[PDB]
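Here's the structure, in structure tokens; my notes come after.
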Amino acid sequence: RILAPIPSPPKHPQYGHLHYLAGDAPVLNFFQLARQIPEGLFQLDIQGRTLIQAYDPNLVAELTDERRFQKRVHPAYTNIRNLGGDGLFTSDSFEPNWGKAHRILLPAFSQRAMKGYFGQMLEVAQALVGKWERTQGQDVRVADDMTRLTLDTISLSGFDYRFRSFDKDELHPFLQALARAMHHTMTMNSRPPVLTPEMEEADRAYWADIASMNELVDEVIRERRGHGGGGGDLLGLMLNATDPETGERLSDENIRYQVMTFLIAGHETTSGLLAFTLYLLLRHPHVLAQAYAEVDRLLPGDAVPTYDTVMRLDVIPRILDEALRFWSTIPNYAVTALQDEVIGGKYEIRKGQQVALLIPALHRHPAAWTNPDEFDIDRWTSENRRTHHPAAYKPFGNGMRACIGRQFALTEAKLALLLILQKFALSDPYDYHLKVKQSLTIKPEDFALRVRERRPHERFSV
Ligand code: HEM
């Protein structure tokens, strides 16, 4: 009926709105704007397109209705698809392989499946601890070692391959190719129309990198299809399992795509979560005290945890829940309007228009979070968790297109933190000033800490 124009900031005489896209992490510019605009959504003019940002909890509830808005590859995930293919992260819902992979892989990513992966997560976590034992007093490169942790973990659980990233500084070539390709993929989302001589060659090396990755994974696949067909890992499951709906197995191409997808979607989200958590614990040390108490309660001496240990945790899970409220590592994923829509009874969203969920602004909206800028893990007890706004906490996405890796991620992080705090006294020698970098994910950059073995008399409990 009587529509309202989506609010829009006044615009700059030289830059228009493009200055909001500048810097190491433009989602933070969007967050400051959101704090100026109480209507809960705003509009920017980016060269040709319209950019819309949404953070009001009720509006986001509307944008979360998969009858009205859905994730679409349409254009925003097109470059990342260069290496994701029609894997789960980079395929449209209507493509048959999405449904197939989804229904095949969900049981493999459920909570009751996590025990099957524990020994693998633990193998990698112990290697991290080993490195930190070996280098006490020297600078720990937190982001870097967390990326090692998560790459090795997802690689071992995904396709039983051990990159041994803590034995050496230099990463395995497969992972260097992954890193290069990921960086270049984000570069393609911008840059100018006419390509200079350096850029053409960079595209050639990019497609070459991708080929080298496809080759390694393909080789593992063929070469598992001869003898065998399943050694517990996710690949072994994708080799046998059929879709209970169509009766079909996944193609070999699509299996490789899923393996690539696990790596794309799993390492910098999870390593980001872990780095941000160590940052937050350094900045809220009473919380860190409570976590040390939990660790000493459950793992006295040099006791090695089981999956049961992880599931008996309380403080550390709630720490992670609140860290994801402050610093959710995919912070600006978007939905697309299926039809012309009207949200808030006021605001028109045309068919095909993207609306980004401004996760930091949503995760901190005063209408949904009391004292939103306060780090408080008691928000996440069973009792208080029940009273949250149902659309104001979306760190693992939404609906059918939600994170399938959530339980893997949270298990991995719980365990890493448990072992780290079991062994190490954390220390901040440089007064780390938080510097956030945005690519596919957000992440603390140039974050160094120091660790020292906890001595026996320094543990709690008797
Ligand atoms: C080993 C760890 C993980 C794996 C294997 C994984 C895997 C995936 C996959 C396959 C998807 C696409 C699901 C679909 O469309 O069917 C997905 C989506 C998503 N994941 Fe994860 N993930 C992991 C960790 C994380 C973490 C730690 C976060 C956030 C803190 C996260 C946030 C998300 C979000 C927001 C989406 C939706 C993305 C969108 O709407 O475009 N993931 N993940």
Side-chain angles (χ1 to χ4, degrees), residues 27 60 63-64 66 69-78 80-81 84-95 97-106 108-110 113-114 117 120-121 124 146-147 149-159 233-234 238 254 257-277 320-336 354-360 362-363 393-416 440-443:
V27 75
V60 168
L63 294 160
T64 290
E66 280 185 302
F69 310 82
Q70 289 188 12
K71 170 172 163 170
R72 280 288 182 256
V73 171
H74 245 116
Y77 302 83
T78 301
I80 186 64
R81 188 167 172 137
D86 58 7
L88 286 179
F89 186 83
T90 55
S91 48
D92 278 304
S93 305
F94 53 72
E95 295 182 65
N97 266 334
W98 180 85
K100 282 169 62 167
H102 176 64
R103 294 183 296 268
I104 290 184
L105 286 173
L106 273 174
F109 282 111
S110 63
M114 287 294 118
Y117 304 130
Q120 307 142 21
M121 305 172 153
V124 179
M146 294 310 114
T147 290
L149 171 72
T150 56
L151 277 178
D152 276 21
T153 302
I154 201 54
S155 297
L156 190 51
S157 283
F159 58 114
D233 69 329
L234 276 173
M238 295 192 275
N254 192 269
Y257 278 151
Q258 302 309 341
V259 164
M260 290 307 304
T261 299
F262 303 158
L263 291 152
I264 298 320
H267 84 280
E268 264 186 327
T269 46
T270 312
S271 68
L273 168 49
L274 274 166
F276 273 121
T277 298
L320 284 176
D321 289 336
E322 183 67 345
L324 285 179
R325 192 179 72 82
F326 275 3
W327 289 111
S328 192
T329 56
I330 303 176
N332 215 19
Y333 64 88
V335 291
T336 314
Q354 280 185 73
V355 181
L357 315 183
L358 187 58
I359 300 296
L362 170 70
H363 278 188
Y393 189 61
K394 295 305 214 170
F396 294 104
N398 185 67
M400 288 309 133
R401 302 311 296 263
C403 184
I404 202 168
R406 174 183 171 281
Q407 289 79 233
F408 195 98
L410 289 175
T411 308
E412 216 200 33
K414 291 176 206 197
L415 173 60
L440 192 84
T441 47
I442 53 172
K443 58 195 194 297

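Residues: numbered from 1 along the sequence shown. Both ligands and their constituent atoms are indexed starting at 1 by order of listing. Note that these values count all heavy atoms, side chains included, but never hydrogens, waters or copies made by symmetry.
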Any side-chain to backbone donor/acceptor pair from [X] onto [Y]? Under 3.5 Å, distance only.
| X | Y | value |
| --- | --- | --- |
| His267 | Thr153 | no |
| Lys71 | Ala402 | no |
| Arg401 | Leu88 | yes |
| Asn332 | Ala356 | no |

Report the distance from atom [atom1] of [X] to atom [atom2] of [Y], rounding to the nearest 0.5 Å.
| X | Y | atom1 | atom2 | value |
| --- | --- | --- | --- | --- |
| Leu234 | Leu156 | CG | CG | 11.0 Å |
| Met400 | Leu106 | CE | CG | 9.0 Å |
| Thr90 | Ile80 | OG1 | CD1 | 7.5 Å |

Which bit of [X] is near ligand 1, meaning a heavy atom under 4.0 Å away: side chain, backbone, both or neither?
| X | answer |
| --- | --- |
| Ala101 | neither |
| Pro395 | backbone |
| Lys71 | side chain |
| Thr269 | both |

Q) So which heavy atom on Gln258 is nearest to which on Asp86, and how close? A)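 Heavy atoms of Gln258 and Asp86 come nearest at NE2-O, 3.8 Å.
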Considering only non-hydrogen protein atoms, determine which one is nearest to atom 17 (C) of ligand 1 and report residue, atom name and distance to 0.1 Å.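 Of the protein heavy atoms, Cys403 CA, 3.7 Å lies nearest.
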| Identity and separation of the nearest protein heavy atom to atom 11 (C) of ligand 1 |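 Looking only at protein heavy atoms, the one closest to atom 11 (C) of ligand 1 is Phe89 CD1, 3.9 Å.
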Numbered atoms and elements of ligand 1 in range of [X], under 4.0 angstrom, heavy atoms:
| X | answer |
| --- | --- |
| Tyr77 | 39 (C), 40 (O), 41 (O) |
| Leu324 | 30 (C) |
| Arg401 | 14 (C), 15 (O), 37 (C) |
| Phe408 | 1 (C) |
| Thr270 | 2 (C), 24 (C), 27 (C) |
| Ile154 | 1 (C) |
| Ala409 | 2 (C), 24 (C), 27 (C) |
| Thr329 | 29 (C), 30 (C) |

Please verify whether a non-hydrogen atom of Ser91 lies at under 4.0 Å from ligand 1.
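Under 4.0 Å: no for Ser91.
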Looking only at distances, please establish whether an N/O atom of ligand 1 is found under 3.5 Å from an N/O atom of [X].
| X | value |
| --- | --- |
| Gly266 | no |
| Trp98 | yes |
| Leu88 | yes |

Open item on the list: Counting only heavy atoms, tell me which of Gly405, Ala323, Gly87 gets closest to atom 6 (C) of ligand 1.
Closed with: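 Looking at heavy atoms only, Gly405 sits closest to atom 6 (C) of ligand 1.
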| query | Which of these, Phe109, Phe408, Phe159, sits in a ring pair (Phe, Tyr, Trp, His ring centres under 6.0 Å) with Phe262? | reply |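 Exactly one option meets the ring pair (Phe, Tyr, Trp, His ring centres under 6.0 Å) with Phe262, and it is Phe109.
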